[PDB]
Structures are given as structure tokens and as C-alpha cells.
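Undergrad: Give me coordinates for this.
(2 chains, ligands or ions: 2)
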Amino acid sequence: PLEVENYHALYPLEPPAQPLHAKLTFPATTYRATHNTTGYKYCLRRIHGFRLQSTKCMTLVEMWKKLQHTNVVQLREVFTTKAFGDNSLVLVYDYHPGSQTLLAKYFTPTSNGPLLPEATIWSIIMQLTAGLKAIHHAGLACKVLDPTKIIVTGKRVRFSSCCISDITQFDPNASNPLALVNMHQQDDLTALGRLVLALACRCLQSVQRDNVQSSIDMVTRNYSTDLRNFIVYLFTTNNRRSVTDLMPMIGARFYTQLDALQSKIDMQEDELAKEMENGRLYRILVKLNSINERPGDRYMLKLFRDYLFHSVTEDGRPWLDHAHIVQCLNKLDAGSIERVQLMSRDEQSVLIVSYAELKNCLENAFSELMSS
Amino acid sequence: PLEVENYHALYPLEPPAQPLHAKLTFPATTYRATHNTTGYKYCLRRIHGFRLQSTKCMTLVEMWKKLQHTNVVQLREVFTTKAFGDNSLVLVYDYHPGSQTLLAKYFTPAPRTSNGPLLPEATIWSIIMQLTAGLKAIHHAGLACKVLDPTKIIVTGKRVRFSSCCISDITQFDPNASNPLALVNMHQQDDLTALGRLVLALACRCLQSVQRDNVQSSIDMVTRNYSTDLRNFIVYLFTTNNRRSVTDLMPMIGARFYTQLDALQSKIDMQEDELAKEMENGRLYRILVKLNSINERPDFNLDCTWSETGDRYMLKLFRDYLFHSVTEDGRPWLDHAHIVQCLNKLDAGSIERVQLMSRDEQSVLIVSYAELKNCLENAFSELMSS
Ligand SMILES: Nc1ncnc2c1ncn2[C@@H]1O[C@H](COP(=O)(O)OP(N)(=O)O)[C@@H](O)[C@H]1O
Ligand SMILES: Nc1ncnc2c1ncn2[C@@H]1O[C@H](COP(=O)(O)OP(N)(=O)O)[C@@H](O)[C@H]1O
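TA: Numbering: from 1, shown residues only, chains lettered A, B, ... in the order given. Ligands and ions are numbered 1, 2, ... in the order given. Below is the structure in question.
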């Protein structure tokens, strides 16, 4: 299995994907792949020997593809295929690199590992809550919510494979569908509460039906009263629950998170401003190379091309400076007033040109070439 | 005036700084400056004909310096100098480029049509979420914006900032008072009021809607065309008998936080993309430089090298494959995307093979990219050693 219909270059993720419970476990596996047309790297998940029962399910998927939230791993497309040798349904998601499952992050062996700092638990709470708000608004339920089902790429938290579980369990013909999405949506909120308690305890089996109440008691000792009420709110099942209702409990923290994100944006704003250089170089040289090969002005650029890479040390040895080439190209891109002296292969001719002028020669030459 | 205290190549920002009213208007100009030691570019404000009275205001300037928030333009230093040709006090801020005042952005007219199509509500909240973020940061540090209004806020791309918060305190600062900072709380309330006017003015997008006479109906304007949350927001700020807090405004913004919190994360996503492509650009620019050194470099590099043979020739053919493509019309087809795909294949050195065709139709040459990379590597090292 090296080819799939709309993709190729598949690579197996680890750990191997868990087999999924429909009624009978359908062995299922998730893969790194590469798009055939663009060469983009995506993530695709195969569930073995599965065919969608009705077309209506397709409507449900369309909702899933349609949804777009930063806190949800994007669903890109879904197709049924026989290429693997067991005809199967594969879902393609965006591939987020170096990500590990939240289970992997925090529950792998103050218990197993130093109990999570409160600060972190809220940042998680805000991301997960945001995703849920987006999902529920979009008239969907996560369906399954638990440590394996959420992935953390760097500091970001994302609902990794939410659509799958909904697809597998869906009824094409359902008595009150919208009434059922309602119970499902609530379930998530109960499941959200169960998750965060596992986090605050940083022991997965704290959530145990038996254990939970003492686990809650622990939470309040080591963490704030707010985090308590939050967790206690999600657990009081009797009442209808909303992502909105959690809002005053997170409370003013939103400003800390909102504020943090802006300085991350300012962080990368600087980085990006520096590394933007690489781009200009790649592009400026690409214009120049295309110009040099294809056929006065053309000769001028060609002499300049010799200036950069045709160099010879007094002896006859080459003089390739990497740094010099970068400087000259940057000056060329800037179109600086400063002038360089070009020498023709003939001894007599010598050319004096401003970079700004030379940049024009390239700019003029390219446009005509594109035009033709 | 081309040299300053720490500063040279000062450039005049437009539109020109508005005069500053303390008692008698002091003409002012704001400048783009380059730091001499650092070469970093800052923004500095000169208010004309001034002398600081005392260290007392300085102790206050220290606090502004301590403070550092994303929604406020940073204060770096304040100094009094006689260089510009008179007595002036100059304040140095971080320079945010291409930024414009909030007044200029939303209130410049081209005509309820107002002067412009009423602002989208979503837009207004994001502004609210950023200004409130600013005051929350500033009060919490025991300060009052002192002046809040369309001119004093600048918008740099999507980012909204308090442009020159510190200036108001030093200019109006007095040697003798009940205390310098005894007054700060009434200032803070004055801010929260001033916030209300700004957002009301934005809703209407008519600047004069703030005026005493007009307000009630301006609020009436808001309620017709916007959410009743925005109504409550503007209205809450206007009750004056009550002591108030920036963080009291929270439930009114309410569920928007996810909305904003989300757009920022998507901005973070977009940058990681951009940041990624730049590194690729990095990888490939360098591959290209190695490619260029070799082609036609081999003028006399080797005596024995025979025409059209082995490594030098194979890389020449590859160069033609990238930059010497003809559209069926016979037009030069330069493919930007194609070139990037090929170089990545060469940089990665993939299993997959490509067909390199001579200018002669007869000659054709099929080579794996991994083999294709090897030629460049071996060709380059041979050249590097000399
Ligand atoms: N959408 C995704 N993009 C990139 N990597 C992903 C991903 N979803 C999951 N992964 C990676 O694969 C591992 C398990 O993912 P997956 O097989 O889909 O979830 P599972 N069956 O273990 O519950 C995780 O450690 C995670 O790093
Ligand atoms: N801190 C700052 N960094 C970069 N640019 C700034 C800035 N403060 C103001 N500007 C720009 O300079 C112009 C005038 O600045 P400013 O002096 O704040 O306006 P003013 N004095 O008439 O009230 C504005 O159009 C604004 O875009």
C-alpha cells in the first residue's frame, strides 16, 4: 500500500491508531501522506472494511468539513476506497507536526508526574471550551471526548478526530435527530468535566466512579476554588449545561490568555520579519537565473551573474564567498544607490552600475519575458 | 537638527502631530528615529518650548517604563534637550510602522449613512477587547490613561494601541499638590467614562455624537443598529455616580472572547505557515546558489573534462529543466511552483526520477533526484576544496 487515490507517500504514525468500537472493533490506522498535486503533507485515517450505510451520512460529514476552528483539527475530505486491499473509508485531516496525544503528554509516567500548574489547566480549559462552543454551535457533538481524542501540537490544543465517532454511530433514519444531538452535546459537557478532573489530578484513574468524589476533594486543596466550581458544575448532570455558563468561571483569565496570544503574535512578528529575507533571496535569484538562460540589458545582468559566481583567487583558485553573495543580492533587491564595478571578459571594458539601476534591468527584463 | 541625544536620521511622521494643549498650546511634531548604538528604529515625540520642573515627574515616568502591555505602545525613555534649537522635551516610544491613528482610520469621511457605512459590530468588539485589555493592564499598575480618544489610539494592522499615554502626566504635572498620585483614581474613572465616549463615537461613526446634547439619541442610534450588549456597554460606562472597573465590563463582551481568542490563534497559525515557508525559501535559496556556482563555472576548472560529460553536463541539463521551458506557443513557460517542487525533490533527494532532455531532441537522460543531489554535492565539495 504505497498509493491512495488522491494522495501518496504514506507514513505510519505512532503509536499505531487504536482499533475503534462501532459494535465490532473495526481495525483502524492513521497515516502521514503527501498530496499528489501540491506536495503538501496531510494526515489521513483509514477505518478497515467500512462502507457508509447511507448518503445522509454524507450530509453529516459536510457539516464536519464545513466547520473551521483553530481548536479543532480540520477535516479536509472523505472518500471510500478499495486501493488498500481491504476496501475502506479514509478521512483526510490537516497534519500537525510533532503533535502528541494529550494522554501521551500528561499521563505517561504528586502522583506519576509533577501536578499540572493551574495556569496550564486554564489555557487548556479555554482552548477545549472554545472548540466545544464551535462544535456545538455548528450543531454537532464531539461524540467521544477523552485523553486519546485530543492532540497537543506545541502549546496548541485540538480536538483531533471528532468527526469519525459521529460518522460510525450515526443512524441514517432517526426518530428525532436534533433531539439526540442535544443529549450528545450534553454528554460532551459531562465528558469535558471528567477530562479536566483527570488533568488536575494528573492521574487518569482519578475519574473512576468510586474514586471521583475524593479526587474532587483533592482538586480543591491543591488548586483554586474556581477550578473546583468549574469541575463541580460539569458534573452536576441534572441541569442543562452550556459552554457559555462556564464563561464566568474562567472569568478574567481570558485576558491573561488573550494577552499571552498577542505577545506570541508579536514574538513571531519579529522572527518572520527577520526570516522574510530567505524569501526575497530565493525569489530574486530565481528571476535572475530565468533571465540569464532564456535568450544590452540581458548582457548587463549576465555580467553581474559572472560577478557573483565566476570569482577567481590570485592564483587561479575559486573565491566563493557565501556571505558576499547574500549581501549583493540583498543590495540588488533593495536597489541601493551603491555601485558595483563589472569587468567584461575583455580587459578594456568595465561597467559601473548602481544596484537600484541594475534591479531595474532585471525588473524590466522579467516583465517583457512574462509578457511574451 | 540631524543629531539628537541617542538619535540620528529623524524623519517626520504624517499627518503632522496635532498641537498639545496644556495651558497655552505647545506645537508638537512626532518623529521616526534610528538609535545610534542599536540602529533600531524608534518613535519620538517633541513638544516645543518646555522645561521639566522636577525629579518628581521622573519618578512617575519610571512606572510607565515598568509597564509593558501588548495593547499599549511602549515608553522607552524621556529626556529634555536643547538640540532642535529651543527647549524641548522628547518622549521615545517603540516605532510601529505603517500604523495609523484610530481617528484617521474610521472617521475620515466619504458620504443613516453617517460619514461612512456604519462599522461592523464584530469589528467594534475587537477594538473593545483590545482597549479594555489595555486599561486593565494600566490601572492595575496604578495609572490613568489621562487622555483617551480617537487621536491618542493607533491601529497597526489589526492591532490597536494606546499611542502616547505617558505624556499627559508629565506635561500637567505640578510641583505642589495634595499628592502627585493622590488623584489617580478619579483619573481612572475619567478613563472608563472616556472609554464609553470613544466606543459610542465608533458605533455611530459620527464623532460629534459624544456631545452632551446629542448623547441620548446617539445611544438610541446604537440600540437600533447594534446588540443590546453594546447598548449596555456604552450605557454602563456612562453612569457616573458609580465607581467602576474595566473588569466589570467583562460579561458584556461576554461570549466574544472565544471569538477574539480564536482569531488570534488563527493569526498564530498563519504566521507559523509563513515562518515555515521562509525556512523552505532558506533551504532552496542555498541549493540554488550551489547550482549556480557549478554551471559555466567550469571554464577551465578541469583540463581533462570532455564536452558534454558526466557531472557538469548532467547539472547543466537540470538547470535547463527548471528555467528553460517553452509553452506550446513556443513562449517561455516559467513555472514558479514547478521550480519549487523540483528543488525540494533535489534538496530532499527523493527516490523518484526525472527526465532531462537535451536541446537536441535525440538526447534524453533519466536520473533519480537522489543521484541528482549527489552530483551537486560532489561537484560542490570538489569545487570547495579547489
Ligand atoms: N491530525 C493529526 N495530525 C498529526 N498527527 C496526529 C494527528 N492525530 C493524531 N496524531 C498523532 O498520532 C498519535 C495517535 O493518533 P490517532 O491514532 O489518530 O489517535 P489514537 N487512535 O491513538 O487515539 C498521537 O500521538 C499524535 O501525535
Ligand atoms: N508610537 C507610534 N509609532 C508609530 N507611528 C505612530 C506612533 N504614534 C503615532 N504614529 C503615527 O503618526 C501620526 C501622528 O502621530 P500622533 O502624534 O499620535 O498624532 P497627533 N500628535 O496629531 O495627535 C499618526 O498618523 C500615526 O499613524
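Undergrad: Tell me where chain A has helices.
TA: When secondary structure is read from DSSP state H, chain A shows helices at A:56-66, A:102-106, A:118-137, A:162-169, A:177-201, A:212-222, A:225-235, A:247-250, A:253-293, A:297-309, A:322-334, A:355-371.
Undergrad: Now find how far off-centre the fifth one is within its chain.
TA: Centroid separation between helix A:177-201 and its chain, computed with C-alpha atoms, centre = their mean, to the nearest Å, is 25 Å.
Undergrad: ok, the nearest residue to residue A:187 once chain neighbours are set aside to ligand 1 distance?
TA: Nearest residue to residue A:187, sequence neighbours excluded (C-beta to C-beta, 6 or more residues apart in numbering or on different chains): residue A:141, at 6.7 Å. All C-beta atoms are positioned from the backbone trio N, CA, C, and that covers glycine. Distance of residue A:141 to ligand 1, given as C-beta to the nearest ligand atom, to the nearest Å: 18 Å.
Undergrad: who's in contact with residue A:141?
TA: Applying C-beta atoms under 8 Å, 6 or more residues apart in numbering or on different chains to residue A:141 gives the contacts A:135, A:166, A:181, A:184-185, A:187-188.
Undergrad: Number of residues surrounding the nearest residue to residue A:124 once chain neighbours are set aside?
TA: Of all residues not flanking residue A:124 in the chain, residue A:157 sits nearest, at 5.7 Å (C-beta to C-beta, 6+ apart). Close neighbours of residue A:157, defined as other C-beta atoms under 10 Å in any protein chain shown, add up to 23.
Undergrad: Spit out the contact partners of the residue of the stretch 51-200 of chain A found nearest ligand 1.
TA: For the stretch 51-200 of chain A, the residue closest to ligand 1 is residue A:148, as judged by C-beta to the nearest ligand atom, at 3.4 Å. Residues in contact with residue A:148 (C-beta under 8 Å, 6+ apart) are A:18, A:101-103.
Undergrad: Hmm, residue A:145 and residue A:165 touching each other?
TA: No. Using C-beta atoms under 8 Å, residue A:165 makes no contact with residue A:145, being 9.2 Å away.
Undergrad: Those two - which one has more neighbours?
TA: Counting neighbours by other C-beta under 10 Å for residue A:165 and for residue A:145 shows that residue A:145 has the greater number, 23 against 18.
Undergrad: what about residue A:74, neighbour count?
TA: 18.
Undergrad: Now do the same contact list for the closest residue to it other than its chain neighbours.
TA: Ranked by C-beta to C-beta, 6+ apart and with sequence neighbours excluded, the top spatial neighbour of residue A:74 is residue A:94, at 4.5 Å. Counting by C-beta under 8 Å, 6+ apart, residue A:94 touches A:42-43, A:73-74, A:76.
Undergrad: mind redoing it with 10 Å?
TA: By C-beta atoms under 10 Å, 6 or more residues apart in numbering or on different chains, the contact set of residue A:94 is A:40-43, A:72-76, A:158, B:269.
Undergrad: Any chance of JSON lines for the residues you listed, columns distance to ligand 2?
TA: Shown next, in JSON lines, are the contacts of residue A:94 (distance: C-beta to the nearest ligand atom, whole Å):
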{"residue": "A:40", "distance to ligand 2": "38"}
{"residue": "A:41", "distance to ligand 2": "39"}
{"residue": "A:42", "distance to ligand 2": "41"}
{"residue": "A:43", "distance to ligand 2": "42"}
{"residue": "A:72", "distance to ligand 2": "37"}
{"residue": "A:73", "distance to ligand 2": "38"}
{"residue": "A:74", "distance to ligand 2": "36"}
{"residue": "A:75", "distance to ligand 2": "42"}
{"residue": "A:76", "distance to ligand 2": "40"}
{"residue": "A:158", "distance to ligand 2": "36"}
{"residue": "B:269", "distance to ligand 2": "27"}
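Undergrad: Show the buried residues in those residues.
TA: Among these, the ones that count as buried by 16 or more other C-beta atoms under 10 Å in any protein chain shown are A:42-43, A:72-76, A:158.
Undergrad: Also within reach of ligand 1: list those from those.
TA: A:43, A:73 (C-beta under 6 Å from any ligand atom).
Undergrad: Give me the subset of the buried ones among the contacts of residue A:94 that lies in strands.
TA: If you go by DSSP state E, the buried ones among the contacts of residue A:94 have A:42-43, A:75-76, A:158 in strands.
Undergrad: and which of these is nearest to chain B?
TA: Ranked by distance to chain B (C-beta to the nearest C-beta), these are led by residue A:158 at 10.1 Å.
Undergrad: can I assume residue A:246 is in contact with residue A:232?
TA: No. When contacts are counted by C-beta atoms under 10 Å, residue A:246 is not listed as touching residue A:232 (11.6 Å).
Undergrad: who touches both of those two?
TA: residue A:193.
Undergrad: contacting residues around residue A:44?
TA: So residue A:44 contacts A:4, A:6-7, A:10, A:13, A:29-33, A:76-79, A:90-93, A:95 (C-beta under 10 Å, 6+ apart).
Undergrad: is any part of stretch A:238-245 close to chain B?
TA: Yes. Counting by C-beta under 10 Å from any C-beta of the partner chain, chain B is contacted by stretch A:238-245 at A:242-244.
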